[PDB]
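Residue numbers (PDB author numbering), protein chains in the order written: chain U, 144 to 214; chain C, 264 to 350; chain Y, 287 to 357; chain R, 20 to 215; chain E, 305 to 405.
Read through the structure below, which is laid out as C-alpha cells, and then see the notes.
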C-alpha cells in the first residue's frame, strides 16, 4: 500500500463519453414548439461552447448550471 | 437495470409487472426511510423507459389493482402508450 | 446509516461544482420531475443560476407546430 | 483635436513634387484655410522648411524655389501678429482659473482639466515640447484611471504631427502599463489603432 | 416580541430612486459600457419594488449585448432590459403564481 505510480485522469472514468461513442437519438425535428425554452437554452449551453470569451470581453460573468423542471 | 439488459439479448421480451403498488408510491419522504427507498428505485425506471436507451421489442405490461395510487410519472404516455381497462 | 450514504454523494456534487466554475464547460444540465426535492443550497446561484421552466399551457401557435412535427 | 492631423495630411501631400499636379493643388486649399482660422501659425513656419528642394514655395518671409507649382502657399504678416495676441489671451484666461482653483479647494479634477486644455492649445500651434509639459501636470493631481490613459495617447499623437516614429514609440510603452490598470475595452480599441 | 426580548427592530423599505441608481452603478463596473449613458436615467426608467429587480436588468443588457456581439453595452439595451424585468414582475402576481411549477 504505497504510492508507486500514477494514472491519467482520462482513464478510470465512471462511464466514458456518451457523446462521441454514442450520438443523440433526437434532433430538432421533433422540436417544433418549445421555443420559449429555446431562446433560454441557446444562451445557456451553446454560447460557452462555441466561444467562452464572448461573455468575458463584454464583462458579463457566465451563468452556471441549468435546472429543467416541469412534468 | 440488469433485467432490461436481459431483455435486449432475449428476443421480443415482455415484462410483466404483477400487482405493482409497492413502488407505486408518490414523492412522500416525510414518513419513514422506506419512502426514499421507493424513490431511489423509481428514478431508475424513468431513465430506462425513455432516454438514449430506447426500447422497441422490449414491452411493458403493468398490472395493478388500482391506478390512482401511482405516481403520475408512472402514468406517463409513450412509456405506457395504451391504457387498457378490463371491467 | 442509509440516509448518510445518500447525502455523502450529494456533498461531493456540490463541491465538484464549485471547482467546475470559470471553465469553458457548460455547468451541469439536470432535470427534476418536481420542485420539492431541491435543497436550499443546491438551488442557490453559483451552483444553479438558471431555472428553465417548461409549461404545459402553451399558446395557440405552439400546439399547432407540435401536432405538425409529429405529422 | 480635429485640425491636428488633417492639416498635416494635406501638408504632406503638398510637400511632394512626385504627386499629381491636380492632387497637390486640391490639398493646398485645405491647408491654407486652416492655418488662418485655427491659428496653426508656428507649424506653418515649420512647413516652409519641409519642401525645400521640392516646389510650390511662394512665401513672403521664407525661402522660395525658382519653380512655384503652387500658389495656395503664402506667408502674411497678419498671421504673425495674430500669433502674438492669441497666445497671450489664452494663457492669461486659464491661468487665473488655476489660481482660483487653488484658493477654494477644487484643484484635483479642475486644474488637470485646465492643463489638458493647455496641451491642446499648445498642440494646436504645433509645439510637442510644451504641450507635453502641461499634460504632465495633469497626471500629478490624482484623477481617474481612464483620464490618465487618454492623456498619454494625446502626447503620442503629437509624434505623428512631426512624423517622428521614435517619439510615438516611446510614449506607447507607458500606455501598455496603464491599460490594464484602467482595464477598459474602450481605450484598448484606441490603443489597438494607435499602435496600428 | 415580548418585553425585553427584542429591543431593536430594523424595517427595510423598498429602494429609493437614488438608492436604486447606486446599486446599478456597482454593476456597471463589472461590465464595459459606452460613455454618455446615465444610470440616473436608468433608475428612473425603473421603479422596482426590491433590490432584486436591479440585478436582472444589468444581466439582461449584457445578454442583449451578447446577442449583439459587440463588446460595448449600448443605451438601447437598457430600454429593452428595463422592460423585461418589469414585465416579469407582473407575471407572478396576476394569479399569484410561484417561481416554479
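The C-beta atom is built at its ideal place from N, Cα and C for all residues, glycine as well.
With a cutoff of 7 Å on beta-carbon distance, residue 334 of chain Y and residue 208 of chain U are scored as near each other.
Counting only the Cα atoms, residue 206 of chain U lies some 58 Å from residue 106 of chain R. Taking 8 Å as the upper bound for CB-CB distance, residue 301 of chain C and residue 286 of chain C are in contact here, some 5 Å apart. Among the bridge pairs identified by DSSP, residue 279 of chain C is matched with C:324. At a Cβ-Cβ threshold of 7 Å, residue 348 of chain Y and residue 202 of chain U do not count as neighbours.
For residue 339 of chain Y, the enclosing beta strand (DSSP E) starts and ends at 334 to 339. For the region 328 to 346 of chain Y, the set of residues with a beta-carbon nearer than 8 Å to any beta-carbon of chain U comprises 329, 331, 332, 333, 334, 335, 336, 337, 338, 339, 340, 341, 342, 344, in chain order.
Going by beta carbons, residue 187 of chain R and residue 178 of chain R fall inside the 7 Å limit. If you ignore the 5 residues before and after residue 299 of chain C, its C-beta comes within less than 6 Å of the C-beta of 292, all in its own chain and listed in chain order. DSSP places residue 335 of chain E in the coil class of the three-state scheme, outside both helix and strand.
By the neighbour-count criterion, in which a residue is buried when 16 or more other Cβ atoms sit within 10 angstroms of its Cβ, residue 374 of chain E is exposed. Three or more Cβ pairs closer than 8 Å define a contact, and the region 309 to 326 of chain E meets that threshold against the region 353 to 365 of chain E. With distances taken between CA atoms, residue 88 of chain R lies nearest to R:73 out of R:168, R:73, R:213, R:155. Residues of the region 161 to 194 of chain U with a C-beta atom less than 9 Å from some C-beta of chain E are 186, 190, listed in chain order. Between residue 326 of chain C and residue 282 of chain C, the C-beta spacing is below 7 Å. Residue E:341 holds the alpha-carbon nearest to the alpha-carbon of residue 381 of chain E among E:310, E:341, E:405, E:306.
For the region 193 to 206 of chain R, the set of residues with a beta-carbon nearer than 8 Å to any beta-carbon of chain E comprises 203, 204, 205, in chain order. With a beta-carbon spacing of about 7 Å, residue 173 of chain R and residue 138 of chain R fall inside the 8 Å limit used to define contacts. Here the region 68 to 83 of chain R makes no contact with the region 109 to 126 of chain R; the two share fewer than three CB pairs at distances below 8 Å. When secondary structure is reduced to three states using DSSP, residue 286 of chain C falls in the coil class, being assigned neither helix nor strand.
Flagged as an interface residue toward chain U: residue 315 of chain C, by a C-beta distance shorter than 7 Å.
With respect to the 7 Å criterion, residue 198 of chain R and residue 209 of chain R are not classified as neighbours on the basis of their beta carbons.
For residue 368 of chain E, there is no enclosing beta strand (DSSP E); the enclosing alpha helix (DSSP H) covers residues 357 to 372. In the structure shown, residue 318 of chain Y falls within a strand segment according to DSSP collapsed to helix, strand and coil. Each of E:333, E:405, E:396 was checked against the Cα of residue 214 of chain U, and the nearest Cα belongs to E:405. With contacts defined by Cβ atoms closer than 7 Å, residue 210 of chain U and residue 313 of chain Y do not form a contacting pair. Against residue 320 of chain Y, the close residues of chain C are 290, in the order they occur along the chain (beta-carbon pairs closer than 7 Å).
Taking 7 Å as the threshold, the shortest C-beta distance from residue 206 of chain U to chain Y falls below it. The DSSP-derived three-state label of residue 292 of chain Y is helix. Along the region 318 to 346 of chain C, going in chain order, the ones with a CB nearer than 7 Å to a CB of chain Y are 336. Listed in chain order, the non-local C-beta contacts of residue 184 of chain U below 8 Å within the same chain comprise 209, local neighbours out to five positions each way being set aside.
Distances from the alpha-carbon of residue 336 of chain E to those of R:211, R:203, R:214 put R:203 closest. Each of R:183, R:156, R:144, R:168 was checked against the Cα of residue 56 of chain R, and the nearest Cα belongs to R:144. When R:149, R:28, R:20, R:176 are compared, the shortest CA-CA separation from residue 213 of chain R is found for R:176.
Excluding five sequence positions before and after residue 151 of chain R, the CB atoms of its chain that fall closer than 6 Å to its own CB belong to 174, given in chain order.
Residue 398 of chain E has a beta carbon lying at 7 Å or more from every beta carbon in chain R.
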